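First, one chain by itself: the form deposited in one PDB entry, in structure tokens.
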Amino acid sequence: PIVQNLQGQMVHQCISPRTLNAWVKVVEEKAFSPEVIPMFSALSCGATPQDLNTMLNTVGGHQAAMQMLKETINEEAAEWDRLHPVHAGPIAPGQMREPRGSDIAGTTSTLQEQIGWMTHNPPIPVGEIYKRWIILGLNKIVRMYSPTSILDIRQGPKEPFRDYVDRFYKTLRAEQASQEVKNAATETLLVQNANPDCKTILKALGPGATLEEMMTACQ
């Protein structure tokens, strides 16, 4: 990654064994549960494109997902190239060349180039641009790997309402509902999919109940 040292200047530091192992182990343990994405983002703080590729390439399973991710990255790289075409022919001696989409993705750029861009004044944030492409891809993966529709999350007859709600919002998260829908669902699908006893109680509370209010009511 690129860090500020103890003296305020931005320099390259090797990716740490702890960071490498943390990411491999979260993928092993959680696969593409939604919470793996914010973990990826945090563990890749400051990353160069080289570091992001290292993190993705150290994953041993999930190769269908990794090939889907490659495809997303290639789409975003192509759109970059559409928006930001680069001069053909020779680089000005000693000067910085402009990045292509494949330079952003770290396949045609060197670490030195990458450091040059990321530490330029002002920075050309190749690491952050690539990380956005990767996260776009990983969200597609999360949605693909979500095993259950929200329509099929219904409260069991002897299921504690809190347990039901946890299943409901875990499913909405994987299915990638917007926050508007998460906030809205409380007035609707969450009640509809409740068991008959809680549904009666929730219908009585009337509209505009907070989730806290609904959860207290059905405790």
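From 1 onward, residues are counted along the sequence shown. In this text, the rigid core denotes the largest set of C-alpha atoms whose superposition between the two forms falls within 1.5 Å.
Exercise for review: Taking only the other compared entries that model residues on either side of residue 118, decide whether it is unmodelled in at least a third of them.
Suggested key: Per the records, residue 118 is modelled in all the other entries.
Review point. Are coordinates for residue 182 absent in a third or more of the other compared PDB entries?
Key: Yes; at least one third of the other entries leave residue 182 out.
Check your understanding: Got a sec? Mean C-alpha B-factor, which is higher, 18-26 or 5-13?
Key -> Taking the mean B-factor of the alpha carbons in each, 5-13 is higher.
Check your understanding: Got a sec? Mean C-alpha B-factor, which is higher, 129-137 or 81-89?
Key -> Between 129-137 and 81-89, it is 81-89 that shows the higher mean C-alpha B-factor.
Check your understanding: So among 181, 191, 66, 37, who wins on Cα B-factor in the entry?
Key -> In this record, 181 carries the highest C-alpha B-factor of the candidates.
**Study point:** Top Cα B factor in the deposited entry, candidates 176, 48, 54, 33
**Key:** Comparing C-alpha B-factors across 176, 48, 54, 33, the maximum falls on 176.
Check your understanding: So where's residue 99 on the chain's Cα temperature factor ranking, which third?
Key -> Middle third - that is where residue 99 ends up once the chain's C-alpha B-factors are sorted.
Point to revise | Third of the chain, ranked by Cα B-factor, where residue 171 sits | key: According to the entry, residue 171 has a C-alpha B-factor in the chain's middle third.
Practice item. Looking at the entry's B-factor column for C-alpha atoms only, identify whether residue 105 ranks in the lowest, middle or highest third of its chain. Key: It belongs to the lowest third of the chain when residues are ordered by C-alpha B-factor.
Exercise for review: Place residue 72 in the lowest, middle or highest third of its chain's C-alpha B-factors, as listed in the PDB entry.
Suggested key: It falls in the bottom third of the chain.
Check your understanding: How does residue 185 rank on Cα B-factor within its chain, lowest, middle or highest third?
Key -> Ranked within chain, residue 185 CA B lands in the highest tercile.
Not pictured, yet referred to below: the form deposited in another entry.
Exercise for review: Give the option from 181, 45, 64, 37 whose C-alpha shifts by 2 Å or more between the shown form and the other one; the alignment is on the rigid core.
Suggested key: It is 181; the other listed residues stay below 2 Å.
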